[PDB]
Amino acid sequence: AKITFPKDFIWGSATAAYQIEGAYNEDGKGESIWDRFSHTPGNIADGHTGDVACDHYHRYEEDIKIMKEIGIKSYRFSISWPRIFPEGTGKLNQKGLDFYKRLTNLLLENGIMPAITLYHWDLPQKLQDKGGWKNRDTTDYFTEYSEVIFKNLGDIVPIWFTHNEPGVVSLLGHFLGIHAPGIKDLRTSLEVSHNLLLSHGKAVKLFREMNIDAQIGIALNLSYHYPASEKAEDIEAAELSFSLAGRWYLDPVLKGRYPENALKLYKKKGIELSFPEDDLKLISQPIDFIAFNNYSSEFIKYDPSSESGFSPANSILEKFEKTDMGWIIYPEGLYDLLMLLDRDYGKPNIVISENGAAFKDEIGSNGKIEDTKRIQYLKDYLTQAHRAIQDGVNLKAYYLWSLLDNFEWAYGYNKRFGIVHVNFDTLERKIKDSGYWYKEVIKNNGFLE
């Protein structure tokens, strides 16, 4: 069958500033928590850093030409907070604004709609020295940064995301310690979760008060958490697992409450956190769309003697095909997630702000990257997105992660998600088969399956 998306469907591709830009100490930029984390041996696979990355800071013109060749109609990127306020607050670094004004204007000149993430993990290190996201004041410094950006770009950028994956920043950055800033403390991670969400609400309020003529949302990490069987104890386990993961952020944002099942667990663990009563009313400011980053799905069993009360169903997981990340490939998961969003949250407008896959790429004798498994993944996942649309979900846009191979956080350069290959030694770009496939998808507004 022929899969044709809605006429006005937005086809995009996404990146993040630390992952692509390089120029880590150029034009007055301040140190970020990811600069510090990357420089510390043992934190990144193979001792890789984002010092140079794709060097997009210098090579953006070439990248925009590639975007035009593929025909992406929107580009999702993030702004580096420490390029704008090197110390987090205080003296504005005009050269920072200048880089992003140029970039934005060039995107628009080439007929590519900019879509901007304000926070994609690069907190200024000076703020982390003061306590980082554990410090409520950081939520005000974030709002002050957001104000400058809205003043300079607001009414030429149609789509805005406040945060990218606060639940990852909290969990990996502040409980597991495997992301910047490398903290390991449950209570701190929960205070950080809250302040991230608080800062989202402050920014959205500000955006409305400044009458910016654009749309604003947030990009959450979301997966469907399947129970291991149809037994109520498994169903309840999976529901709890989701409530401690993506729904710990969805419910505050869209319903103005934390999930009750998760609050009971944390109380059972001896954490009963109390924040001003008005914080949830601020967190749940109306947004124009809910966005999410999705790659895979979870399978959860009842596990009553565990600290959590649930665990991964490994016998189910071990049977799926996996990506180079070790993540299960299960395209129907994206359908089930989209239908949950639509059912549980009053049929919101939805954006997939990231979806993609890492596979091992090889340049052939013919000089080409024939990344068939990445194409198959994208086609299977987009087929399910389309099935959701036909079933009434208000899915408006799909941003393919990523335009470029990039610095994959703690994995360094070992994990390639691009539709465009980057040689990290030479900085040469080469469009993969997946990039030319996406070119075709955009031109045909879909594909056969």
# chains A, B, ... in the order shown; residues from 1 in each chain; ligands from 1
>>> select_by_dssp(residues="range 381-426 of chain A", states="strand (DSSP E or B)", output="PyMOL selection string")
chain A and resi 395-401+404+420-422
>>> residues_around(residues="range 435-442 of chain A", least_positions_apart="2", cutoff="8 Å", atoms="only C-alpha atoms", output="JSON, numbers by chain")
{"A": [11, 69, 70, 71, 72, 375, 419, 420, 431, 432, 433, 444, 445, 446, 447]}
>>> closest_residue(among="A:161, A:409, A:34, A:142", to="residue 116 in chain A", atoms="only C-alpha atoms")
A:161
>>> residues_around(residues="residue 210 in chain A", least_positions_apart="3", cutoff="9 Å", atoms="only C-alpha atoms", output="ChimeraX atom specification")
/A:147,150-151,205-207
>>> residues_around(residues="residue 295 in chain A", least_positions_apart="4", cutoff="12 Å", atoms="only C-alpha atoms", output="mmCIF file with N, CA and C atoms, in the first residue's frame")
data_model
loop_
_atom_site.group_PDB
_atom_site.id
_atom_site.type_symbol
_atom_site.label_atom_id
_atom_site.label_comp_id
_atom_site.auth_asym_id
_atom_site.auth_seq_id
_atom_site.Cartn_x
_atom_site.Cartn_y
_atom_site.Cartn_z
ATOM 1 N N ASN A 221 11.378 12.569 26.578
ATOM 2 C CA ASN A 221 11.706 11.180 26.227
ATOM 3 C C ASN A 221 10.552 10.279 26.573
ATOM 4 N N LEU A 222 9.938 9.641 25.601
ATOM 5 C CA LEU A 222 8.750 8.792 25.819
ATOM 6 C C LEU A 222 8.855 7.447 25.134
ATOM 7 N N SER A 223 8.390 6.386 25.811
ATOM 8 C CA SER A 223 8.293 5.037 25.238
ATOM 9 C C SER A 223 6.988 4.431 25.796
ATOM 10 N N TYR A 224 6.413 3.504 25.063
ATOM 11 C CA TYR A 224 5.370 2.704 25.628
ATOM 12 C C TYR A 224 6.024 1.601 26.476
ATOM 13 N N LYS A 322 17.807 -5.736 17.445
ATOM 14 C CA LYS A 322 18.265 -4.534 18.118
ATOM 15 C C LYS A 322 19.068 -3.608 17.231
ATOM 16 N N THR A 323 19.057 -2.317 17.609
ATOM 17 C CA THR A 323 20.015 -1.427 17.001
ATOM 18 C C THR A 323 21.418 -1.538 17.535
ATOM 19 N N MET A 325 22.665 0.572 19.444
ATOM 20 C CA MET A 325 22.545 0.974 20.835
ATOM 21 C C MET A 325 22.172 -0.171 21.757
ATOM 22 N N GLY A 326 21.750 -1.295 21.170
ATOM 23 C CA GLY A 326 21.175 -2.374 21.960
ATOM 24 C C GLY A 326 19.715 -2.200 22.239
ATOM 25 N N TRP A 327 19.066 -1.215 21.566
ATOM 26 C CA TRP A 327 17.655 -1.003 21.767
ATOM 27 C C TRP A 327 16.772 -1.851 20.897
ATOM 28 N N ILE A 328 15.693 -2.360 21.483
ATOM 29 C CA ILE A 328 14.758 -3.191 20.658
ATOM 30 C C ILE A 328 14.117 -2.346 19.554
ATOM 31 N N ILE A 329 13.939 -3.013 18.431
ATOM 32 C CA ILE A 329 13.188 -2.497 17.287
ATOM 33 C C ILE A 329 11.776 -3.042 17.327
ATOM 34 N N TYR A 330 10.807 -2.161 17.580
ATOM 35 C CA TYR A 330 9.434 -2.552 17.685
ATOM 36 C C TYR A 330 8.548 -1.417 17.182
ATOM 37 N N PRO A 331 8.329 -1.330 15.880
ATOM 38 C CA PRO A 331 7.647 -0.185 15.294
ATOM 39 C C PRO A 331 6.250 0.079 15.829
ATOM 40 N N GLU A 332 5.519 -0.976 16.195
ATOM 41 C CA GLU A 332 4.170 -0.795 16.701
ATOM 42 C C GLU A 332 4.159 -0.040 17.995
ATOM 43 N N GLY A 333 5.296 -0.007 18.671
ATOM 44 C CA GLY A 333 5.399 0.792 19.893
ATOM 45 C C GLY A 333 5.104 2.276 19.701
ATOM 46 N N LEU A 334 5.406 2.795 18.508
ATOM 47 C CA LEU A 334 5.244 4.210 18.221
ATOM 48 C C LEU A 334 3.746 4.490 18.012
ATOM 49 N N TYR A 335 3.036 3.541 17.384
ATOM 50 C CA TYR A 335 1.602 3.660 17.245
ATOM 51 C C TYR A 335 0.906 3.709 18.613
ATOM 52 N N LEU A 337 2.124 4.349 21.556
ATOM 53 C CA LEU A 337 2.428 5.525 22.279
ATOM 54 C C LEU A 337 1.605 6.700 21.788
ATOM 55 N N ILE A 352 6.695 14.590 16.753
ATOM 56 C CA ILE A 352 7.792 13.667 17.081
ATOM 57 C C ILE A 352 9.035 14.514 16.846
ATOM 58 N N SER A 353 9.667 14.927 17.927
ATOM 59 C CA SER A 353 10.864 15.768 17.877
ATOM 60 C C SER A 353 12.188 15.050 17.649
ATOM 61 N N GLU A 354 12.139 13.722 17.777
ATOM 62 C CA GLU A 354 13.354 12.814 17.411
ATOM 63 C C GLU A 354 12.785 11.431 17.184
ATOM 64 N N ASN A 355 13.264 10.798 16.117
ATOM 65 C CA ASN A 355 13.181 9.363 15.957
ATOM 66 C C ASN A 355 14.281 9.003 14.964
ATOM 67 N N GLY A 356 14.921 7.829 15.146
ATOM 68 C CA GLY A 356 16.012 7.439 14.277
ATOM 69 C C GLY A 356 16.649 6.240 14.858
ATOM 70 N N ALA A 357 17.794 5.893 14.313
ATOM 71 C CA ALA A 357 18.465 4.629 14.742
ATOM 72 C C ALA A 357 19.927 4.701 14.398
ATOM 73 N N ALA A 358 20.690 4.079 15.282
ATOM 74 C CA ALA A 358 22.106 3.820 15.073
ATOM 75 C C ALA A 358 22.390 2.389 14.578
ATOM 76 N N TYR A 377 14.308 0.670 9.398
ATOM 77 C CA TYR A 377 13.809 1.164 10.646
ATOM 78 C C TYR A 377 12.940 2.365 10.456
ATOM 79 N N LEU A 378 13.424 3.327 9.717
ATOM 80 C CA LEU A 378 12.698 4.555 9.515
ATOM 81 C C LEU A 378 11.360 4.240 8.811
ATOM 82 N N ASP A 380 9.640 1.435 8.805
ATOM 83 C CA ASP A 380 8.687 0.724 9.669
ATOM 84 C C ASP A 380 8.065 1.613 10.742
ATOM 85 N N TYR A 381 8.887 2.460 11.350
ATOM 86 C CA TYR A 381 8.403 3.414 12.331
ATOM 87 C C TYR A 381 7.487 4.468 11.706
ATOM 88 N N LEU A 382 7.848 5.038 10.574
ATOM 89 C CA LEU A 382 6.933 6.020 9.894
ATOM 90 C C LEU A 382 5.622 5.382 9.426
ATOM 91 N N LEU A 400 13.560 13.701 12.112
ATOM 92 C CA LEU A 400 14.487 12.534 12.040
ATOM 93 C C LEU A 400 15.797 12.881 12.806
ATOM 94 N N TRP A 401 16.145 12.051 13.821
ATOM 95 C CA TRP A 401 17.392 12.195 14.545
ATOM 96 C C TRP A 401 18.390 11.271 13.828
ATOM 97 N N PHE A 417 23.968 8.085 14.226
ATOM 98 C CA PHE A 417 22.551 8.216 13.893
ATOM 99 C C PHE A 417 22.280 9.034 12.652
#
>>> atom_distance(atom1="CA of residue 154 in chain A", atom2="CA of residue 211 in chain A")
9.3 Å
